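Heads up: the sequence lines are chains E, G, A, V, B, R, Z and S, in that order. Taken in order, the first sequence gives residues 1 to 14; the numbers are from the authors' numbering. Taken in order, the second sequence gives residues 416 to 498; the numbers are from the authors' numbering. Taken in order, the third sequence gives residues 748 to 995; the numbers are from the authors' numbering. Taken in order, the fourth sequence gives residues 475 to 489, 523 to 533; the numbers are from the authors' numbering. Taken in order, the fifth sequence gives residues 1033 to 1151, 1177 to 1204; the numbers are from the authors' numbering. Taken in order, the sixth sequence gives residues 2045 to 2185; the numbers are from the authors' numbering. Taken in order, the seventh sequence gives residues 1 to 8; the numbers are from the authors' numbering. Taken in order, the eighth sequence gives residues 472 to 708, 731 to 1009; the numbers are from the authors' numbering. In this text, a Cβ means the ideal position worked out from N, Cα and C, and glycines have one as well. Here the structure comes first, spelled out in structure tokens, and everything after it is commentary.
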Amino acid sequence: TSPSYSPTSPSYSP
Amino acid sequence: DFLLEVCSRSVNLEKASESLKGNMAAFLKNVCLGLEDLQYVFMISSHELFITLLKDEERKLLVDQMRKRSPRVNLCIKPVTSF
Amino acid sequence: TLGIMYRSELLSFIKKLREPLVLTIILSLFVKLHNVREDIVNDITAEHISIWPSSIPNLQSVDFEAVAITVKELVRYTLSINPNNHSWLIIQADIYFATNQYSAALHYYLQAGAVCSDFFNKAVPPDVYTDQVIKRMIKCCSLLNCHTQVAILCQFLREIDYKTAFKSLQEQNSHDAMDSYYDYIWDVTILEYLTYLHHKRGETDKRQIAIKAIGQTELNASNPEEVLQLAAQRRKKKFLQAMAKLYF
Amino acid sequence: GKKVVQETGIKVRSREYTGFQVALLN
Amino acid sequence: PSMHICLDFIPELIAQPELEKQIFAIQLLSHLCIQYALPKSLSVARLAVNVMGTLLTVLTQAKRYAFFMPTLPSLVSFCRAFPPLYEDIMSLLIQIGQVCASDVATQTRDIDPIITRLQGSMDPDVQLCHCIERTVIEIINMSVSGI
Amino acid sequence: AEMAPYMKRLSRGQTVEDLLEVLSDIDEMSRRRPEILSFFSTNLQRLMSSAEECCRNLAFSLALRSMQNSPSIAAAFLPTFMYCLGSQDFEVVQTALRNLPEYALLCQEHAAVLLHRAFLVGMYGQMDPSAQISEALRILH
Amino acid sequence: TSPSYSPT
Amino acid sequence: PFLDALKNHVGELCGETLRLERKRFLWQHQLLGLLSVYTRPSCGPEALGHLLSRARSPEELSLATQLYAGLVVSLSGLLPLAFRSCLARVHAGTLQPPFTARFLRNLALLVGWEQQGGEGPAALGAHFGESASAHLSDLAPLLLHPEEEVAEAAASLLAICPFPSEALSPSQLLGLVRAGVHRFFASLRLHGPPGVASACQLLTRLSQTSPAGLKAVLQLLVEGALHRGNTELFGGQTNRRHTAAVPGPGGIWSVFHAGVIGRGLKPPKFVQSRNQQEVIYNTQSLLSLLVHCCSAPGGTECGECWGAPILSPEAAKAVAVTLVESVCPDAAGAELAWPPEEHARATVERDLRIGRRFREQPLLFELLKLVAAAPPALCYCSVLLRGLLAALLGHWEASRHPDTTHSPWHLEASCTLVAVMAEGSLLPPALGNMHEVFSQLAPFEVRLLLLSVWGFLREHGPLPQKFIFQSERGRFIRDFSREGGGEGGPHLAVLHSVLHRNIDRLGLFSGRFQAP
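In structure tokens form, the structure reads like this:
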């Protein structure tokens, strides 16, 4: 789940 | 004394190797360790073969240990009077 | 506090006393006064000369709390006099068993065994290690959660309680080195149960250890029983010295 | 003629949601 | 930085049947929980602690040494990450301790940790007990200095 | 001047009846003006070392009250509590273990060696200090 | 298309 | 106000007093005495403990005795209070290793002086001996303390500190003996016999208390001796590189080998060659400790001065039994009657592990010499004797060399073993001299004659009976030629035939055999 966006970063809403 | 006499006849200093001298010296050193009477310690240290084989530093070190086995300390019993 | 003594007065008098015969007789009387219906539990203490009257008058007016306090104090005093007394050891350990201090109970049971036999170099005398006392450390060890140890003590019983042994090996919450005491166990049936349970729960290396321990030629359950008794005595000695090393 | 069945069943233990089994060697 | 995918498969590497792999998974989880402290990582840590308890229930003594010497700094890493996951750590530490002390009691030794209670290349259970008390010391010094 | 006969009775006391009675009295004027336990601290230390149940419980209560009044005397109460853990009656160690976390919390300097000794007691003696140690540490964050 | 250990 | 303000600075006043000014030390001595009398907890344990902690010389020790004299004509309980206070502070985090080493060795000097002294302790009776005998229990961790000076001071204190009215609690006895054997082995490791003299005094003094204590001492001592550790003191025992040199010089084909078989090439192959010299002396030190333990005191002074004291058969029996348990836990052939050689062929495997153990650990020969000095310990170590005989029989059967001396260890072991039973009086003296003629006999002759030894011991099976006690001498005597079989008979005849066949080089030894 999201290998490149890091866990402590905001989600993308849509 | 009989043991010392046997050792004295057993080893001849001129026809002896350093290994034999070290063996004899270590054995008599451990005999001194095994003894308890300080008179026996004094006479075994005063034997001439003891002096011949063991250097005075080692002799006085073992004698120092055997007199570290001496609890002779003098204490005063009466309380001091500063007045 | 009607009577010729006060409790502190008689405590001081017994503390001045040191004659072992009268000490153990008054200790037996005190522990009898304790064990006559002080509570619900009937954990009666082992005792040497039980001649005191069982009938109790003024049972409401007597004080079991003060009785327990003074008998514990007298036990402490008589062990301060001399620890080398298996009877007083059993008394102290049974008092601690009543007070649910199981670690101390095992400690003083083991000290009793080491008093009675020369550190388990001879077989323990059964008059000290009676069936009741062994059952006491069975319950104590089971509540202390050393289940292989309580199995070994089940083996020390005169008749082996395989049911509570299997009840002890059923749980997985053990604390006492199963794969080390598989050397000390010497009964083929409990070893068979261990093998079955290890295979059932998929514990292959411990199962292999148990199989080799069974395959020891020392015990075969068909021997002329002299070797069997000698091997049982040897394992008893080594196991008891192992517990004596662990505790105290 | 049915052989034994080796299990990898869930070993339940207290003190990745209560359904975990360490696999045994085959 | 693209490592924190590891929490997807760390349960699988724990479930692997090899002892070396299980040790590696536990150490990896330890340093992950130092770096990122996520509830997902916390669930994985709780699973790891219960797994460690299970292996304690089922492992013989030689492999007990070979499995429990390397994974104890992982326990102090867990305890640094999650002060909620704390009493479980202490219960497991006391259980592994007393079972190793019982082994030391079973077979005769020399350096005698039972006498050492009031405070090289030695026997395995001796080394394991020393490791256990060292990690307890590290947990305590950590928690004292860690505000 | 007024508290001298009480601790004289403490020093000369050797029976549990009189010692418990004096401890109850000391509990009364510890509920009233608790600052006077500094005159009793050493007496509290050897009756801590004593092996009587009510005496030990009152010892722990009075000691923690004295600590709550003044946290400066924890250094003085260190070695006696240390020996309380170290002893082998399996009673004083249980009482000291039950009253452990408060003592470490008010110590804040030797809690390291207290918790280390407590874990070693659970290590070799067969009692479980896990709950008490964990409570002390979650209190200490 | 092998995502893990084969027996498990 | 002055006194209860100096109450918080009592220790630094002791510091000035130990710094020993012209008369200020006397003035502060009197001040500390009056302060101790004044204050209600009396601060006597505190002052005594501080002065003993930072004291290093007999003049400060004399100051301690003088203030003790004041405080003992003043109050009571001073030594128990002082010992509990100081030892609690020792077990706590305070009381640094130099301070506690000074304090323990000051106590050692005090208990030595009170053991001696003729008027000093008589005037000032302090009873340091009973005080430390009360405080024995906590001293064993000080024996295992990692500081060498602390360990030495604790060893001295426990070596010259007496025992209570009751001897000891069994728990404290086991703790003390385990601490003693560990300290003994550590001092063998580090210092030597001068280091272990104190520990030997300690072990002997606590072993002479009760028989059970002696059993525990002997068992734990020899078992720690035969531990995996401390037996060398007595007898002795990548992918980057791969791809840097990989791929079998072909590059686009397979590699040469098709796999490995394990780790491969067991690396170290390391031989232990530390020293045999002074390992003689470590053996002597341990053997002397065993002799002191097993030696009953007696006090009779047998003979003028030449009569050796008689060793304890109970102690040596315990040593033999625990040696049996150490070497072979097997006891299927522990029936003391000897099973036949066919049964030995059946149970040869235990004999192989026994022989390998014997060759690994040569201390067992000296221990079995102590067994030989004992009368019945041969009967109790019959199983080990049988195993060694079986192993020697197997090797001498499997030997092809016409000379005996090609296997050096086996000849020495056989000679020593036959000497052991000869000294333990299971055999006639001609069967003793069998160990002499081993040197120049041929292997088959040795094999057949040790088979005759087997038959002789089979007929005269060793038993605890027939060892007749003497009121003259405690040494139990087996009276030969009263057993019916008596001498070797056919065994001596076969021996005579062997030597008469080997008359080429054994005439002087036949002159020893003569006629029994």
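query                                                                                                                       : result
Under 7 Å by beta carbon: chain A residues contacting S/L645                                                                : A991 and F995
Under 7 Å (Cβ pairs) to chain R, residues found in the segment 831 to 859 of chain A                                        : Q848, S850 and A851
Residue range of the alpha helix (DSSP H) that includes B/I1058                                                             : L1051 to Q1067
Short CB-CB distance (under 8 Å) between S/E637 and chain A                                                                 : yes
Partner residues on chain R for A/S755, Cβ-Cβ distance less than 7 Å                                                        : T2059 and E2061
At least 3 beta-carbon pairs within less than 8 Å: the segment 2121 to 2131 of chain R vs the segment 560 to 580 of chain S : yes
Within 8 Å of chain A by C-beta, residues of the segment 823 to 846 of chain S in sequence order                            : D823, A824, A825, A827 and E828
Range covered by the alpha helix (DSSP H) that runs through A/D952                                                          : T951 to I961
Nearest to S/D475 (by Cα), restricted to the options S/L502, S/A526, S/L497 and S/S678                                      : S/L502
Where A/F995 sits in the DSSP three-state scheme                                                                            : coil
S/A737 versus Z/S2 - alpha carbon distance                                                                                  : 30 Å
Residue range of the alpha helix (DSSP H) that includes A/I937                                                              : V935 to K947
Cβ of S/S602 within 8 Å of any chain G Cβ                                                                                   : no
A/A978 vs A/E965 beta-carbon contact at 8 Å                                                                                 : yes
Proximity below 8 Å, CB of S/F858 to CB of S/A923                                                                           : no
Simplified DSSP assignment, three categories, for S/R527                                                                    : coil
Span separating the alpha-carbon of S/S945 from that of S/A915                                                              : 15 Å
8 Å Cβ cutoff, A/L891 in contact with chain R                                                                               : yes
Inside the segment 879 to 960 of chain S only - alpha helix (DSSP H) runs reaching at least 4 residues                      : 901 to 916, 922 to 930 and 936 to 952
Cβ of E/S9 within 8 Å of any chain B Cβ                                                                                     : no
Spatially closest choice to S/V841 from S/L856, S/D823, S/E853 and S/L829, by CA coordinates                                : S/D823
Z/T1 at chain B interface by Cβ criterion, 8 Å                                                                              : no
Beta-carbon proximity of S/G925 to S/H984, cut-off 8 Å                                                                      : no
Selection from S/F473, S/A518, S/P472 and S/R493 that minimises the alpha carbon distance to S/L484                         : S/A518
Spatially closest choice to V/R489 from A/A924, A/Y994, A/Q919 and A/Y856, by CA coordinates                                : A/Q919
Where S/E938 falls, given that 16 or more other Cβ within 10 Å makes a residue buried                                       : buried
Positions along the segment 1071 to 1098 of chain B whose CB lies within less than 7 Å of some CB in chain V                : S1075, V1076, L1079, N1082, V1083, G1085 and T1086
Cβ distance (whole Å) where S/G917 is taken to contact S/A865 below 8 Å                                                     : 4 Å
Top-ranked residue by Cα proximity to S/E965, from S/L692, S/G796 and S/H928                                                : S/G796
Beta carbon proximity, B/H1036 to chain E, threshold 8 Å                                                                    : yes
Terminal residues of the alpha helix (DSSP H) in which R/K2052 lies                                                         : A2048 to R2056
Min CB distance residue 1212 of chain B to chain Z below 8 Å                                                                : Coverage of chain B is limited to positions 1033 through 1204, which leaves residue 1212 of chain B absent and any answer about it impossible.
Best match in S/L783, S/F1002 and S/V481 for proximity to S/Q679 [C-alpha to C-alpha]                                       : S/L783
Per-residue DSSP class, three states only, for S/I970                                                                       : strand
Closer than 8 Å at the beta carbon, the chain S residues around A/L977                                                      : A824 and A827
Buried/exposed call for E/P7, threshold 16 Cβ in 10 Å                                                                       : exposed
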